[PDB]
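Residue 211 in the numbering used here sits at position 209 of the sequence shown, with consecutive numbering throughout.
Backbone N, C-alpha and C define an ideal beta-carbon position, used for all residues, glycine too.
Contents: one structure, followed by commentary.
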Amino acid sequence: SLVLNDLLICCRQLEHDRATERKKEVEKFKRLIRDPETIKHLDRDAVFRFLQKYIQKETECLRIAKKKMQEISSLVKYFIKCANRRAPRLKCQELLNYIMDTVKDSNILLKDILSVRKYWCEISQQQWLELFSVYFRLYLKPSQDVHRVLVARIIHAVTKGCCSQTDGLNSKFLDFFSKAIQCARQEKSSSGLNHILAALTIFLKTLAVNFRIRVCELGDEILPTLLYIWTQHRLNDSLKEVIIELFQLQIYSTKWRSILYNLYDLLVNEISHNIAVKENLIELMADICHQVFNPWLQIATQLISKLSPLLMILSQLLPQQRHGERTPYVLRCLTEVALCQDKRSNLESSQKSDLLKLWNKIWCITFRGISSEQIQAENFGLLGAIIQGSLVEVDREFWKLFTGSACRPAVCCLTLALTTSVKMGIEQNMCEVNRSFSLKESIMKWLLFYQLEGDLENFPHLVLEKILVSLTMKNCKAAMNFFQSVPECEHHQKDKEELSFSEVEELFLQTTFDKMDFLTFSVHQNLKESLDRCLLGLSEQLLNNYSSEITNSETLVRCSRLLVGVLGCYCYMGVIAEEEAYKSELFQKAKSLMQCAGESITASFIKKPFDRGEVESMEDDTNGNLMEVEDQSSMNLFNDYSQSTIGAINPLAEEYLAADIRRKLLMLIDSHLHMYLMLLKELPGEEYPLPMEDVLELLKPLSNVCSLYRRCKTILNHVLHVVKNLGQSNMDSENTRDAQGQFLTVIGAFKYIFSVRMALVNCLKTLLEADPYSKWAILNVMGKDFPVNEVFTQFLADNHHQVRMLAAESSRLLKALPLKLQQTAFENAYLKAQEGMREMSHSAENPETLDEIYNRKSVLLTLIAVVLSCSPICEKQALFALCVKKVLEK
Numbered sequence: 003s004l005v006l007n008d009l010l011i012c013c014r015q016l017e018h019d020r021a022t023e024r025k026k027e028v029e030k031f032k033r034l035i036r037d038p039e040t041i042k043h044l045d046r047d048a049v050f051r052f053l054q055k056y057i058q059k060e061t062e063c064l065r066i067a068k069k070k071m072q073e074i075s076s077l078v079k080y081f082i083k084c085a086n087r088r089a090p091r092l093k094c095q096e097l098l099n100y101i102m103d104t105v106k107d108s109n110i111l112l113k114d115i116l117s118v119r120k121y122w123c124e125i126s127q128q129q130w131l132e133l134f135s136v137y138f139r140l141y142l143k144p145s146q147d148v149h150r151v152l153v154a155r156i157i158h159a160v161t162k163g164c165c166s167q168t169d170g171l172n173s174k175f176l177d178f179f180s181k182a183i184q185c186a187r188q189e190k191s192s193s194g195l196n197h198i199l200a201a202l203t204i205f206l207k208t209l210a211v212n213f214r215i216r217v218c219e220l221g222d223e224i225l226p227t228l229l230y231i232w233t234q235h236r237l238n239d240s241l242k243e244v245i246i247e248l249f250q251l252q253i254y255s256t257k258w259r260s261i262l263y264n265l266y267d268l269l270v271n272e273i274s275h276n277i278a279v280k281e282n283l284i285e286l287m288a289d290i291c292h293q294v295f296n297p298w299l300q301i302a303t304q305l306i307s308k309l310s311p312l313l314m315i316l317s318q319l320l321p322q323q324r325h326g327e328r329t330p331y332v333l334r335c336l337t338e339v340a341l342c343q344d345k346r347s348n349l350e351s352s353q354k355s356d357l358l359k360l361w362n363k364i365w366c367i368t369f370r371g372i373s374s375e376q377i378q379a380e381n382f383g384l385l386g387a388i389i390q391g392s393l394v395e396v397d398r399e400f401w402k403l404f405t406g407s408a409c410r411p412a413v414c415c416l417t418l419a420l421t422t423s424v425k426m427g428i429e430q431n432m433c434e435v436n437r438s439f440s441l442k443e444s445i446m447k448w449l450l451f452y453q454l455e456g457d458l459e460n461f462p463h464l465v466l467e468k469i470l471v472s473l474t475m476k477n478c479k480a481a482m483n484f485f486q487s488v489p490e491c492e493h494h495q496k497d498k499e500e501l502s503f504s505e506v507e508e509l510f511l512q513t514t515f516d517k518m519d520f521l522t523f524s525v526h527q528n529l530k531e532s533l534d535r536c537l538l539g540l541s542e543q544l545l546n547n548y549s550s551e552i553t554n555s556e557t558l559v560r561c562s563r564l565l566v567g568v569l570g571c572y573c574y575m576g577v578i579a580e581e582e583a584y585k586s587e588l589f590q591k592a593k594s595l596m597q598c599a600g601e602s603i604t605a606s607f608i609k610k611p612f613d614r615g616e617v618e619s620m621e622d623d624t625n626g627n628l629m630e631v632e633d634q635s636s637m638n639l640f641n642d643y644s645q646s647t648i649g650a651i652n653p654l655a656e657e658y659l660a661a662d663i664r665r666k667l668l669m670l671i672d673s674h675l676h677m678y679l680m681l682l683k684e685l686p687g688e689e690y691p692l693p694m695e696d697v698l699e700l701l702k703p704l705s706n707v708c709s710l711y712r713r714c715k716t717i718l719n720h721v722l723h724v725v726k727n728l729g730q731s732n733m734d735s736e737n738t739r740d741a742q743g744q745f746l747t748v749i750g751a752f753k754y755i756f757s758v759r760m761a762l763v764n765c766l767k768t769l770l771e772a773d774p775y776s777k778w779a780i781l782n783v784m785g786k787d788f789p790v791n792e793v794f795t796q797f798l799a800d801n802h803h804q805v806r807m808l809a810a811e812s813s814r815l816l817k818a819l820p821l822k823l824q825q826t827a828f829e830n831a832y833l834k835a836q837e838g839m840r841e842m843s844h845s846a847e848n849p850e851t852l853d854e855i856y857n858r859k860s861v862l863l864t865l866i867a868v869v870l871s872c873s874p875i876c877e878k879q880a881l882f883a884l885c886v887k888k889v890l891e892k
């Protein structure tokens with residue numbers, strides 16, 4: 003039974019150490035390429051034979067090659083050929099042989115790509131060691147310009163931050179290496195990943211431990227412009243960390259930050275003095291506005307005052323800057339913008355050069371500054387000039403809407419009614435109907451002209467504009483019959499399955515009658531208007547179900563456009579639920595079910611780091627139309643919950659398989675209720691086979707919330723929920739994210755999993771200290787939202803235990819402060835919502851723990867906004883007397 007294969011392999015390996023490595027090694031390589039019952043026995047008794055191809059082979063190559071660099075290349079090729087089987091994971095070999103053949107154990111620096119690609123199943127299963135990830139930084143710290151090794155180190159850091167939730171030396175060695183590599187080195191685009199690594203490792207890191215060498219690195223990065231990726235990453239890390247730090251300091255190394263901001267603004271002005279260039283200029287203007295926002299506005303206006311593709315970019319960046327920086331002044335600084343852009347539209351260029359000026363003006367006027375008449379008259383004159391210029395070609399898609407939103411001038415009624423030549427027409431209609439229903443409906447023929455002109459777009463986003471177009475009649479029904487007969491006639495004329503105007507365009511006008519008659523049964527009399535749309539939509543469904551051919555994007559688009567349901571009670575959704583469910587009950591349900599059954603029957607750094615992580619979102623583009631049809635069918639079933647039994651067969655088909663079933667599992671997790679135990683049981687088999695290192699726990703939270711909202715009958719559901727929560731409660735290591743769903747699913751309060759019987763007390767108490775700060779305290783209100791007589795004392799004891807656990811704990815003091823004072827303040831604010839506050843004891847304990855020195859008066863005043871002035875301080879007088887508190891209580 004092939005019992006001599008292992009002996010032959012061992013003999014060939016022993017004969018190829020140093021004596022006869024010319025032929026025995028070739029024989030071993032040929033035997034490994036043949037692999038007769040090798041991959042099947044490696045997972046059960048070929049483990050030693052598979053380990054000898056990485057350990058014994060390396061020990062033989064190091065002795066044979068103890069100049070002549072061909073031996074290392076041959077060994078690397080043999081290792082790649084042995085590892086290309088992809089059947090096993092080789093978790094034990096990936097820690098020894100990879101660490102021995104990597105840069106850090108005279109070197110060739112050739113196995114870096116192999117070690118980076120071999121982390122498909124090794125880094126996604128078990129990364130507890132993470133020794134190579136830390137050694138890669140020290141290996142790349144030298145003058146060895148290896149962009150591949152740098153990318154591998156970045157990928158290893160990302161894996162350690164995602165699946166391991168750890169770092170090294172508090173991100174100090176990486177910063178010290180980047181500071182020396184930014185001075186004089188090569189591969190700047192590969193070395194610029196230090197900013198991304200620090201941003202990913204920002205957990206439990208204050209602003210003082212991140213902005214220390216930030217300006218020192220930015221000063222050296224601003225001088226070089228060879229690699230734009232490193233500069234972009236540095237700017238992103240800056241705008242993510244230093245901007246937030248400056249905002250917090252202004253709301254509560256300032257000179258270095260100001261100098262860096264001034265240098266960035268100077269470089270931005272120099273660069274300003276293409277689409278990518280326009281985006282860079284917009285980002286630079288946003289950064290300059292953020293820097294000016296803690297005579298800065300006047301300086302910025304003078305710089306802007308001192309080319310249509312550049313004027314348009316500047317105008318777009320000005321509104322973006324005014325949005326990013328609140329509290330805009332309406333003074334001469336902003337007035338100089340309108341004064342300059344009043345006569346901007348001089349040439350025939352319709353590239354929106356003059357546009358966005360009225361947008362920024364109306365935004366500032368409605369937001370803040372002053373109700374000055376001069377600025378209003380200037381904006382009105384600019385809007386009139388733009389309407390006379392008639393930039394309907396390109397810029398009026400946003401400029402006209404922004405000018406109409408400035409007041410709701412009215413001379414554009416003819417242009418809005420004749421807008422058949424839809425980001426412009428729908429916006430103009432919404433701006434004209436923004437005042438009232440029949441405000442701009444003075445012309446009785448304007449509504450008919452608009453209804454006749456709207457037949458040119460059928461615009462998938464204009465489905466909501468049907469109610470705004472039908473509201474202009476104001477209980478008149480003048481051109482309602484004409485508008486209803488024009489769409490039916492157009493659908494009867496243009497009726498094709500493989501040509502344009504597919505089911506999406508046919509159903510885009512089906513919900514228009516429900517938003518006119520059913521919204522303002524009511525519209526159940528005109529059943530022919532819905533039957534025609536159903537017959538037009540059922541033509542491309544039954545034909546595509548039996549086709550199963552390539553280029554099926556039309557069916558996918560139709561299913562994505564028809565998946566707009568209600569799933570609740572509202573006005574626009576309440577009127578559209580009839581067309582979503584009653585219009586198509588069983589005409590296409592059976593065809594969709596058959597198509598789904600048939601489909602079920604028959605950059606790249608994320609893919610290499612985790613196969614499960616890749617299959618989660620970016621597996622492949624195959625079966626995209628199938629996934630879209632499945633999602634549309636699930637949404638239709640959820641909205642309906644005739645032909646309600648179609649959804650029952652979909653569950654047994656989706657839970658039949660299973661690495662390619664992740665899409666079906668995620669589609670089914672988003673969805674009678676008592677018999678839904680199959681969906682919960684299928685999640686356990688997937689969680690048992692997964693290494694819990696991917697981001698599937700975030701998608702599992704939706705299914706957990708659905709099961710908690712749904713739940714003898716619920717015993718199996720509770721058991722499945724406990725089994726799913728155990729995978730993160732029993733381990734409680736290297737996840738750093740699964741504590742968000744468990745704390746949120748504690749709604750409805752009544753061995754290892756016995757304490758989780760609808761309590762979630764121990765998990766919420768343990769997820770406070772040994773977790774990210776200011777993360778678990780947001781859900782503290784769910785524990786005492788609706789209390790009872792005994793539940794009040796229970797929540798008080800829980801808060802006391804939490805305070806006692808938080809009081810038990812360089813940057814350690816700054817890290818414990820947001821975990822001991824901010825958490826206590828959040829708990830007190832949550833307990834002081836309705837009753838059972840008991841904030842006097844917390845305020846007394848904060849003074850003994852030096853927690854009141856963090857400006858607690860501001861937090862108390864912010865939390866007492868719903869009460870009178872000093873209401874808590876006046877009410878705590880009866881409780882402060884109960885406090886070794888002769889002078890400490892004062």
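Check	Outcome
Alpha carbon of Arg-46 to alpha carbon of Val-5, nearest angstrom	14 Å
Buried versus exposed call for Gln-430 [16 or more other C-beta atoms within 10 Å across all chains shown]	buried
Residues of its chain near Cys-885, where Cβ-Cβ distance is below 7 Å and the 5 sequence neighbours each way are ignored	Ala-846 and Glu-891
Whole-angstrom distance between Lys-585 and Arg-560, CA atom to CA atom	16 Å
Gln-15 versus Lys-683 - alpha carbon distance	47 Å
Beta-carbon proximity check, residue 2 vs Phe-295, cutoff 7 Å	The question about residue 2 has no answer here: the residues shown for the chain are numbered 3 through 892.
Residue nearest to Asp-734 in terms of C-alpha spacing, selected from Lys-767, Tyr-266, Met-629 and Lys-715	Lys-767
Anticipated Cβ contact below 8 Å, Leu-833 with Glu-771, distance rounded	Not a contact, Cβ separation roughly 19 Å.
6 Å Cβ shell around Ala-89 - same chain, five flanking residues per side excluded	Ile-41
First through last residue of the alpha helix (DSSP H) which encompasses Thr-417	415-419
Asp-516 vs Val-465 beta-carbon contact at 7 Å	no
Length at least 4, wholly inside the stretch 215-259: the alpha helix (DSSP H) runs in chain order	216-223 and 230-253
Closest Cα partner of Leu-722 within the set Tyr-690, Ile-156 and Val-217	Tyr-690
Delimiting residues of the alpha helix (DSSP H) encompassing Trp-361	359-369
Sequence-distant residues of its chain with Cβ nearer than 8 Å to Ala-480 (five each side left out)	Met-446, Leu-449 and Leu-450
6 Å Cβ shell around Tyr-452 - same chain, five flanking residues per side excluded	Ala-419
Close beta carbons around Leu-595, own chain, < 6 Å, minus the five adjacent residues each side	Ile-648
Pairwise C-alpha distance: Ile-671 and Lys-702	7 Å
Reference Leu-262; option with closest CA among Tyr-254, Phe-249 and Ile-290	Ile-290
CA-to-CA distance, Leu-199 to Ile-866, given in whole angstroms	40 Å
Cβ-based burial, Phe-249 [other Cβ within 10 Å; buried from 16]	exposed
Exposed unless 16 or more other CB atoms sit within 10 angstroms - verdict on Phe-369	exposed
Closest residue to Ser-191 among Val-151, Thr-233, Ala-154 and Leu-202 (Cα-Cα distance)	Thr-233
Endpoints, the alpha helix (DSSP H) within which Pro-691 is located	Where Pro-691 is concerned, there is no enclosing alpha helix (DSSP H), given that its DSSP letter is neither H nor E.
Close beta carbons around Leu-358, own chain, < 6 Å, minus the five adjacent residues each side	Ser-317, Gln-318 and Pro-321
Length of the line joining the Cα atoms of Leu-241 and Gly-743	30 Å
Cut-off 7 Å between Cβ atoms - residues of its own chain near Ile-372, not counting five sequence neighbours on either side	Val-332
Contact belief for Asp-147 with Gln-188 at Cβ below 8 Å, rounded distance in angstroms	4 Å
With 16 other Cβ atoms within 10 Å as the buried cut-off, status of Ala-278	exposed
Inside the stretch 156-204 only - alpha helix (DSSP H) runs reaching at least 4 residues	175-183, 190-193 and 196-202
N- and C-terminal bounds of the alpha helix (DSSP H) containing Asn-848	841-850
Where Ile-445 falls: helix, strand or coil (DSSP)	coil
Sub-7 Å separation of residue 894 and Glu-380 beta-carbons	With the chain covering only 3 through 892, there is no way to say anything about residue 894.
C-beta contact flag for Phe-461 and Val-424 at 7 Å	yes
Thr-337, enclosing alpha helix (DSSP H) - first and last residue	334-343
Closest residue to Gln-390 among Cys-414, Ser-374, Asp-397 and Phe-400 (Cα-Cα distance)	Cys-414
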